[PDB]
Structures are given as C-alpha cells and as structure tokens.
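Peer 1: quick one: experimental structure and sequence below.
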Amino acid sequence: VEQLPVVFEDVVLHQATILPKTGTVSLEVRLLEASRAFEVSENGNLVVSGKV
Amino acid sequence: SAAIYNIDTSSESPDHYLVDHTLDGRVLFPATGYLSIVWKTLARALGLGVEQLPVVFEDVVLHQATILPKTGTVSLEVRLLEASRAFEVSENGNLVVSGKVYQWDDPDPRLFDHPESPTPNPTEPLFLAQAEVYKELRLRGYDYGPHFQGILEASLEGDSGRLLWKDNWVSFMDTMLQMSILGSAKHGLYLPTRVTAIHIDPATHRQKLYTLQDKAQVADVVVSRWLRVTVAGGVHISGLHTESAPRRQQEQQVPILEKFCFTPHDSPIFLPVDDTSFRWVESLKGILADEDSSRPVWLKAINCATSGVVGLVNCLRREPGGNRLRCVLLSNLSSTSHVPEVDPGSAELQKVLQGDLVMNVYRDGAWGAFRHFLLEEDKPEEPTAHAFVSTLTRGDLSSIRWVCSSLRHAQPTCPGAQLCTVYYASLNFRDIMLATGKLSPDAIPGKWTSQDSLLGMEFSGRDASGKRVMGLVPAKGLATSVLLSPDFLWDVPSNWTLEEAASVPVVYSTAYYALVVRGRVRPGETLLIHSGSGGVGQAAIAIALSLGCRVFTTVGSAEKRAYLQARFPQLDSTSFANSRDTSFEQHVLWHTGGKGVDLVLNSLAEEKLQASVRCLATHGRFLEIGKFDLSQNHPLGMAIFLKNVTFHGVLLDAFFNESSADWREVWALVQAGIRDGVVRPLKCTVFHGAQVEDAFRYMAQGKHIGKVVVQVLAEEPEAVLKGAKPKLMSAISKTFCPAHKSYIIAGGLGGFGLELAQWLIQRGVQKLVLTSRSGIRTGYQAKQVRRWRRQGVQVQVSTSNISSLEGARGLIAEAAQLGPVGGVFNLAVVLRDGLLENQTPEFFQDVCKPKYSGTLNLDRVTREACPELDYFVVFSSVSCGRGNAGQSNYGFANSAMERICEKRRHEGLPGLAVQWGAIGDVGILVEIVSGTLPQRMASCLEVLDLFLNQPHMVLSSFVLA
Amino acid sequence: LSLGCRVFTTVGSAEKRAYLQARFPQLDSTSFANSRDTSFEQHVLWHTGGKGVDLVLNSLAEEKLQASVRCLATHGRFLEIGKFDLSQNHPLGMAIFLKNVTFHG
Ligand SMILES: NC(=O)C1=CN([C@@H]2O[C@H](COP(=O)(O)OP(=O)(O)OC[C@H]3O[C@@H](n4cnc5c(N)ncnc54)[C@H](OP(=O)(O)O)[C@@H]3O)[C@@H](O)[C@H]2O)C=CC1
Ligand SMILES: NC(=O)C1=CN([C@@H]2O[C@H](COP(=O)(O)OP(=O)(O)OC[C@H]3O[C@@H](n4cnc5c(N)ncnc54)[C@H](OP(=O)(O)O)[C@@H]3O)[C@@H](O)[C@H]2O)C=CC1
Ligand SMILES: NC(=O)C1=CN([C@@H]2O[C@H](COP(=O)(O)OP(=O)(O)OC[C@H]3O[C@@H](n4cnc5c(N)ncnc54)[C@H](OP(=O)(O)O)[C@@H]3O)[C@@H](O)[C@H]2O)C=CC1
C-alpha cells in the first residue's frame, strides 16, 4: 500500500455500514482492472462503487 | 471469480461455428457471443442453466472487436459485480465489453409481442429469400457463413422475417442483428457498439418457436425502427446502436487489369463460320472426329468482320482434341470499309498456313492476332473545370488527389440551387479526421454515396452572377465549384479578401449558433472557451468580447497565448489557461471566485470535458461542440443539473437537413456580425490548390493557428466578374452521368445488372431502363427497383428483347421517352454450357441472341437514333480472352461483342467491351474458377469506373491465385 | 394546449386518464400513456412516427427518466423537474446530445 500511489474516481457511497458492538462485518471488494473500477459490498448489497 | 472462456475455432472445438462469422475477411467474435458468454457466467454464478435463466442486459458497450485467429485460442475473462449488477468481459487485460447483466426476476411474455408495422406490406408474395438476404449482406461486407445464415425469409423493407433456430443463442441473436441492419439505408460494415437493453426469456422463447414443413424450428422476427426494437422468439433487443467499421485496405483483391488489342506479327480442312445459322458447328464436330487429317483445321470467317471466332478458338483449344486439331481462326476483321479485303483463295492463305500461327486476323492490311497487354497503372487525368479533393485510400493523406466532379458531367440548373466557383476552401477539423480516417464518412448527416467525398465544409469564391460570396456547405467544399443553396451564402465585404473570407462561414456560424442561439449569452457573462486559439475558439472569443463578456480561454502553448493576446487585447493574463491539462478548471474556479463560468463552449474530450462541466456556475450553459464524448455515449453525472445547469449538444450539421428559419436566424446573426465588425476573419495559412496533401498534414500536426485554406483559384482584382468560370485543371477522371439522360442496361435485372444499375445511380443516373425477358421475379430485384424508385430515379423494367431489331428499337424508344439515350450496357446473357461434342447449333443461336444479335441491334439503333450516346458498354468474359472448358459458344458470342465494340470505337462512336473474370458475391458463378478467384463487386465497380475513362477498345479484369 | 401543441401525458391510472380527458377535451385517446412503466416510451415512439417529442417535462426517475430521454427528437428539450436522479448523480448517456438535444435541469 505504501509503495502504490492510487487514484479513486467517481466514488459513490450507496449505504453506510454499521459496525456491530460485537461480531464482524464482512466487506467484499471486487476489482475490474480493465474497467479500472471497484465495488464494495456488505452481504451482496452495493455499498461503495467507483473507479480505482 | 473471473470465468475464463477459451474460444477455440478448431474443427473439433464446440465453438467452430464462430468461423462462419466473418466480417470483411476477418473472423470476429459476435456481440451476441459476448451476450451468451455473460449469460453463461451469470447462470454459473446463480447456479442455474442458461435455458432456465431469464436475463436482462442493459447499457451493453463493446469497446473493441476480438480477432479469432485461424490457429490458436482467445481467452475471454468475464467478471461479475453482482451487487451493482454489472459485468466486464476483457481480453488479455483489455476491456472488451461492459454493461449490466441481471436475472429477469419477473419475465413478462408481453414484452415479446411483435409491434405492429408502421405500414402494411404490399409486396407480400415478393420477399427476400435466404440466399438473397445473405448475398445483400455479403455485398454490404458481411461474409457470413452457413452457421450464421439463420435468416430464411425477410420482407423487402427488412422490418419482418423468420430466423432459423439451431439451438444456438449466439447465431440466433446475431441473425437478429442482421435483420435489424438489413433494412438500413446506410451502406458499409456496420457493427454494434452499444445496446440499450436485451431481454432474453428462454421460457417464452421455446413457446414462440414453431416448426416448418422442413422440420426446422423458426421464430418470427420483427424489426421496428420506430420503436428501435427487434423482437424474435424470446429475445428483445432495444436501443441497438451500430457504427460503421471501416473496411480494411489490406484486401487481397488486387485485380489484374489488361488491354485486349490487335498486335501485328495433313490434309487441310476448311470450316466456314460466316453462316448466321451456326449449321457449321456440327461440321466442326466432324472435324473433331478425325485425328490425323484433323491437324490442319482452318476455321475461317470471311463474310462478317464481327464474326468473333476468337473466343470460339480460344475455348475449343482447351477442350480435348483442340490442340491436336490445331483449330486456328482466320478472321478478316476490317475496321474500316475502305479495306484491302484480302482474298482467302490467294497466296495470302498459303503464307498464313506456312506460318502456322495460333491466330490470324486481317486488320486494314495487317496480319496479326489479338493479344493481352498490361494496362498502365497511371490513373486517367483529364482537364476539367469541376473537380474535388478526395482521399483515394481512406486514412492516407498521401493518396489525396483532385478527381473530376459530378458537376462537369451533369450541369444542374434549378431555383434554390447555385453553382459557385471556389477560389479558396478552408480545411476543417472534420476534414482532417475524414482524410486521416479517424471519422467515418457515414457519420456526417446527409444522403452521401459510397464513392462520395465529403472533404470541405467551407468555401469562398464567386457565384454564378460573379458576386464575391462565401459559403457554408454540408460537404464537398474542397472543390473547384460547389452546388449549394443561396440560403448558405454571405456577400464578402469589400474590405475583405476571398482568402480572408474563406475562414468565416463554418467557424463563425458554429460560434454564433453555440453562444447566441443555443447558449443565449447575455452581455457581461463570464464565459469559458476551450481551444481559444482555434477557429471556433477565436470566433467565440470575438463574439463574447463584442458583448463585453469576461472570457477564460484554454490554449495549448505559449505561442498561442501570445497570439490570442495580440489578436484580442481585451484579454488579460488571467484570461488564459491550459487546454492540454485539467488545471484550467482550478484556474477558472480560482479567478471566478469559485462561482463558475456562465457558459462553457467546450470542444475538449474525456476528463477535460468533465472538468469543464465542473467549471459551470448556477444557471450555467454547457455548449458541447466536440464529438468524442458525444459519440462514445460517455456517462455524465446529472447532479450538475442541480445547479439549474443547461447542457446543449451543439451540432451545426443539423442545419443542412432542414434549412428552416432556425438556420436563417444563425445566417442573420453571422451577417449582422459581419456588418457590425464583430465577425473578423481569422489568420489564414494558404496552400496552393496544386498541393492539398501538404496542407492536410500541416494542419493535422496541429501547430497551425487560425485557419488553413487551400487556394483553388487566385483571386483576380475585381468586384463582380461576369465570367467567374473555374480554370481548367488536370484531375483524375471519374465517371458521372447527366440527370437528364436515360441509360439502358441489357439484362439489368440480373445480378451484375442490378449492381451496375446501383453504381450508375450513385454516379448521377436518374433515368434507367433495365430490360429483362422475365421481368421482376426475385425479392432482391423488387427491393432494389423500389428503393431506386423511392430515391427518385426513373427506373423502367422493360421486356423488349434486344435480340430482335424491333425489340431494340422499342427499347431505345422507351429510353428516349424518359430522356436522350446517354448509355447502353449489354449484360444480358443466357448460358448453354457443355463440351463441343455435346453441343448443338441451337445452343449457339440461343447464346448469341443476347450477345451477338443483341449487340448488332443495339449498335444499329444507337447509330440511327442516338446522336448523344456517351457509353456503349458490353460485358464479355475472360473465357473469350484465354478460353474455358465447355464454353465455346460463350466465347464466340463474347468475341463477336468485342469485335462490334472495336468497330464502333474505330469509327468514332463510343465502344467498350469489358472482359470480366469470375464475379464475386453476385452473379451466375455464385448462384476458384479457372485459376481465378471471384472478383468482389466493389472492386469490379472500381475497375469499371477505371475502364469507362480509357481510350482502349477492350479491357479485361481478373484476379489470379 | 394554449400554444396549440401536440401533448403526450403519462398518467398512472384510468381515473386520471378520464379526469384529464374531461378537463382538456383537446387531448385525444392517443395523448395518454402510462407513467408507472417504461411503456410510454414506445407509445410516444409509435405516435410520433419514431421521431420523438420536441419537449419532455420529466418528473419521473431511473428507468422512466432514461425512457423519457429516449423519447427526445432531434433538437429536443429535456426539462428535468424531478430531483431523485439529479440528487443521486445518476449517469446520463452523452449520446442523446448528438441529436442536438438540450438538457435542462
Ligand atoms: N459542433 C459543431 O457543429 C462544430 C464543431 N467543431 C469542432 O469544434 C472543434 C474546434 O473547432 P476548430 O477550432 O475549427 O478546430 P481547430 O483545428 O481550428 O482548432 C481546434 C483546437 O484543437 C486543438 N488541438 C489540439 N491538438 C490538436 C491537433 N493534434 N490537431 C488539431 N488541433 C488540435 C488545438 O487547440 P489547442 O492546442 O490550443 O488546444 C486546435 O486549436 C473541432 O474539434 C471541431 O471538430 C467545429 C465546427 C463545428
Ligand atoms: N457473373 C459472372 O460471373 C460473369 C459475368 N459476365 C458478364 O456479366 C454480365 C452479366 O451477367 P450475370 O452477372 O451473370 O447476371 P445474370 O446472369 O444473373 O443475368 C443474366 C441476365 O441476362 C438476361 N438476359 C439474357 N438474355 C436477354 C435478352 N435477350 N434480353 C433481355 N435480357 C436478357 C437475362 O434476363 P432474364 O431475367 O429474362 O433471364 C438475365 O436476367 C453478362 O454479360 C455476363 O457476360 C462476364 C463474366 C463473368
Ligand atoms: N424542480 C422544480 O422546480 C419543481 C419540481 N417539482 C416536481 O414536480 C414533480 C411533481 O410535482 P407535482 O406534479 O406538483 O406533484 P403532485 O402531487 O401534484 O403529483 C405528482 C405526480 O406524481 C405521481 N406520483 C407518483 N408517486 C406519487 C405519490 N407518492 N404521491 C403523489 N403522486 C405521485 C402522480 O402522477 P402518476 O401517479 O399518475 O404517476 C402525481 O400526479 C415532483 O418530483 C416535484 O419534485 C415541482 C415543483 C417545482
């Protein structure tokens, strides 16, 4: 991470993830490198979209 | 995650059918192939089968075409973002297809209900068969194989038909796209690039399928261009967008073009072929019966000089026994009546026999033969006053030449149209893109022919009355003369020069339309102009400063900054930003107090566009005059419209389609700006008309400031010249036909007949008389004829047989009823093949009725009552030139036709015999031959255009292997 | 109707259709489509001969907004009256502007 300068573009936050007091929230990050895009989902629900 | 698909086109591979999806000599992966591959990936993700997964694609974008090599495999990676419902097909890390794919949760069968046609089909009995449909598609450039030949029947309009279902979704939806593009007026290789929506419901697709008597499952397809949908079975393709992919110049069709010209140098059996009843053929068979005494066979024709036994001998040599029989012609082809007329009963025959030549022809005292020579590669250049600049090969500035215009062969005179001599023509950005190939000619609005050159959008010169004018034209502005409506002309003021005025129309009309008509710019409004040093940029600067508007201009260099400072002293140092970077946005937002700019005249692309969107203030107006982001359907965040922002797509070209009062408003604005001094001509870099190529590349390099102008004609010192005629210049000859003349094509309802008729229509023919024995039978013929009639062409389908003299007279009279006969084309043919052994004189008579007797009658009637005839063309075969097995009669008829044409040309009347080889995509050989591939029809038409402007009597075109 | 214009009104009920017809007799049966689905698009594209409408007064959102955009003719004016798609920064395909279309927020 510290060796990789990065650019995010058109980042959209579709919903807010509430971190529970106990337990764990699973976040799925999927990269479309050719599209230069990314997606962050909680339980198959779109949370964050944009390009990276 | 990433589902890999190794597309292999080998015979054993399950995807071998993709070899049959060929688009201009290349095997392309279909867009519907991507649809099916994404469908498979989504079914795998959901753990379903494709047949059980109703799916919806949305905003499908094809970013590149995948090349499937003959040897090897191509890996396509499909990645799904299920949360965002998106997909991504990539090849070797390069994005290929993008869009949204998702399971159709509630499949509605009513979606796959065929929309009602806008009008009922009258020609229900006459439809386009499968062979006709795919011959037309192959003409357009789609070399589809049997696997993708799924259209069995289609209507003439192309709005309905039936698609054959081979349990293959790729082929089915590809034929759906083929049906969609079948009724497309645009010509060329159109490939899909975007689809708005694609709903596939296999559940109702199975129900929609029905089986014919052939026991093959078919589905009714309806293409509604009004609703922009295509519905077939359980597939609904809405919002399909196709762009014209340029055809690769690496075409193997490099035809061999030749000239057929006269070149001076046991017991004999004499065969006289001068008989018109062909009763000697059986006697010739008797000559083939013997072996030893048949060696000196002398086949002599002494009565008719147009006997044409040359092709007979050439073909008979190929047949068995011809070489042993040594069949050699002794043809007395005397071109002029005052000829020696050598007697064959004298010592001349003895000398000919002693020579034992393969052929002997007597031409006005010369004992020679007929030989093929290589045709000169130099294009025929002629002195004309009407020529235009055209790129001979697309994308190559080196192949930029002046070619004869349609105005010299056809002079139009009608109200509302003016022919203006052009002294100066300004190169524009669109012209550079067209010449460099970055812009498709079909992208320009208007009815443009395939051979039409659209270079030039602006001109200055003198109208018919001699008044000094400057004009805005949709295309063809780079011509020595233009034909434009007077509504697109402005008088050049006395203080201006023609060179100075050549830069005003396009640039200032664009700026005025963007700012005043569209942007509605008010005085004192802060305003951003992209590429201010450019033409449209400079005009926008002038207009904005005329209103006292604060102007921020983006420029690409310090020299352009200095030029803009000197040209417009009202611009301070804070009015200039960089156009090659995004930093201009910050600059603007720093110098406007963060509010923004009221207007943004933007010609920049990609993020530089988006930054220009960010520069907008509240109630801002974004005038997009660029095209890259517009053509690519790039996304635009609509939150900018929360600033009360207006977004105008400013296209001036839309003024050439209607030319209503909306254009008159812009014309009045430009005239007022000229009168008020607001409109000031830009700096012009002038290149002489003799060298337009260097101007094109110089402006392509982009260092030019202002405008680049080609000086077609130097401006003589005067106000209104009475003459104002263009000067004569040497230009490449191009065949064009007057609109007031009628043209006859014998057998014009045939394949080559229809194609040549279409080519003539593209060359300015407005009166056509296609004669055929059987009339209109096939759906393709009816479609072509009705399309030409709707185009405004007077096409007459006659049944007059040129074989009979009375029939030819009636045909010529019917043509003269439309207008004076300017050209007669003899393509009528009947074929009676077979070796000389199984040949009968009746077959010779039938084969010579359209070609031999038909050309006799055409020549006679044209000589009698066609004084103004320009073209007398007949289509012979290379079987005449060299010889074909089992086609002796065909060669004889072709040689007779060639003799007729040679005699006609020697006398002085027009005469042309074209020795065509195997003809591709159309004809008799399609419904490797003799070592020659079938020449594709586009190449055939190009070669015909070359031949029609040649002084040689007979020429041949054929492609070797 | 004061300007003598052809009008295509999208309503989501039959009672709304009847009320509009009674209120504006100049509207005909072909003047009404459905505002609860994309279908109105086709209706417009059928009754304009595939040309489209000159002006769109759009208060709908999402796929209905996209369908309304697809209803624009050449030199068409799209007047966004709604705010959901504006507030959400939904992407708008920048190819309708190739039809000399002006988008009004
Ligand atoms: N919508 C419409 O109807 C019309 C649109 N146009 C478009 O408007 C745009 C501007 O018009 P126009 O001023 O005549 O184009 P010009 O050639 O006159 O200049 C446009 C600017 O493009 C910049 N540029 C950057 N790189 C290049 C390059 N390699 N070659 C040429 N130019 C380059 C240059 O400015 P810089 O380097 O300073 O950035 C150039 O000044 C054109 O792209 C043109 O296609 C034109 C007429 C009508
Ligand atoms: N296609 C090829 O491969 C080659 C073609 N050519 C030349 O191309 C020309 C066109 O032939 P092709 O491409 O095969 O097109 P077609 O053979 O398909 O059409 C032939 C046309 O000839 C018409 N025809 C024949 N005789 C007469 C007549 N006496 N009066 C009116 N019409 C007649 C026929 O009319 P009907 O409809 O009544 O039958 C038929 O429509 C021919 O001159 C041929 O020599 C030369 C070499 C190769
Ligand atoms: N941007 C601006 O300047 C202004 C915008 N507006 C916008 O105009 C749009 C409509 O406003 P307006 O016409 O006055 O509202 P109305 O209450 O008069 O009706 C709005 C229409 O929207 C439909 N509709 C859909 N859902 C509902 C719902 N839950 N409740 C009521 N109606 C619904 C109805 O038509 P149908 O049911 O048949 O689909 C209804 O007729 C709004 O989005 C509003 O934001 C209003 C004023 C200013």
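Peer 2: Cool, the structure landed. Residues are numbered from 1 along each chain as shown, chains lettered A, B, ... in the order given. Ligands and ions are numbered 1, 2, ... in the order given.

Peer 1: is the residue in chain A positioned nearest to chain C in a helix, a strand, or coil?
Peer 2: Nearest residue of chain A to chain C (CB to the nearest CB) works out as residue A:12 at 7.2 Å. C-beta: built from backbone N, CA, C; applies to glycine. For residue A:12, the secondary structure call by DSSP: H, G, I helix; E, B strand; the rest coil comes out as strand.

Peer 1: so what's it closest to, chain neighbours aside?
Peer 2: residue A:49 (4.9 Å; CB to CB, 6 or more residues apart in numbering or on different chains).

Peer 1: can you tell me the element the residue of chain A found nearest ligand 2 falls in?
Peer 2: Using CB to the nearest ligand atom, residue A:34 is the residue of chain A that sits closest to ligand 2, at 47.0 Å. Element membership of residue A:34 [criterion: DSSP states H and E] is none; it lies in no helix or strand.

Peer 1: for the closest residue to residue A:9 other than its chain neighbours, grab the count of nearby residues.
Peer 2: Nearest non-adjacent residue to residue A:9, counting by CB to CB, 6+ apart: residue A:51, 4.1 Å away. Using other CB atoms under 10 Å in any protein chain shown, residue A:51 is surrounded by 13 other residues.

Peer 1: which SS class is the residue nearest to residue A:27 when sequence neighbours are not counted?
Peer 2: Of all residues beyond its chain neighbours, the one nearest residue A:27 is residue A:40 (5.8 Å), with distances taken as CB to CB, 6+ apart. Residue A:40 carries the three-state label strand when classified by three-state DSSP.

Peer 1: list the contacts for residue A:40?
Peer 2: A:27-29, A:47-49 (CB atoms under 8 Å, 6 or more residues apart in numbering or on different chains).

Peer 1: quick check, nearest of those residues to chain B?
Peer 2: residue A:49 (5.6 Å).

Peer 1: what's the separation between the closest one and ligand 1?
Peer 2: As judged by CB to the nearest ligand atom, to the nearest Å, residue A:49 and ligand 1 stand 32 Å apart.

Peer 1: who's that residue bridged to?
Peer 2: Note on residue A:49: beta-bridge partners by DSSP bridges are residue A:12, residue A:39.

Peer 1: can you pull the contacts of it?
Peer 2: A:11-12, A:14, A:37-40, B:84.

Peer 1: top of the residues you listed by neighbour count?
Peer 2: Within those, most neighbours by other CB under 10 Å means residue A:37, with 22 neighbours.

Peer 1: chain C contacts on chain A?
Peer 2: Contact residues, chain A versus chain C (CB under 8 Å from any CB of the partner chain): residue A:12.

Peer 1: any idea which residue sits dead centre in chain A?
Peer 2: Nearest to the geometric centre of chain A sits residue A:40, at 2.9 Å (CA atoms, centre = their mean).

Peer 1: okay, that residue and ligand 1: tell me how far apart.
Peer 2: Taking CB to the nearest ligand atom, one finds residue A:40 at 38 Å from ligand 1.

Peer 1: repeat for residue A:38
Peer 2: Distance, residue A:38 to ligand 1, using CB to the nearest ligand atom: 32 Å.

Peer 1: got a list of what the nearest residue to residue A:37 once chain neighbours are set aside touches?
Peer 2: Nearest residue to residue A:37, sequence neighbours excluded (CB to CB, 6+ apart): residue A:51, at 5.0 Å. With contact set as CB under 8 Å, 6+ apart, residue A:51 has these partners: A:8-11, A:35-38.

Peer 1: so residue A:30: helix, strand or coil?
Peer 2: Applying three-state DSSP: residue A:30 is strand.
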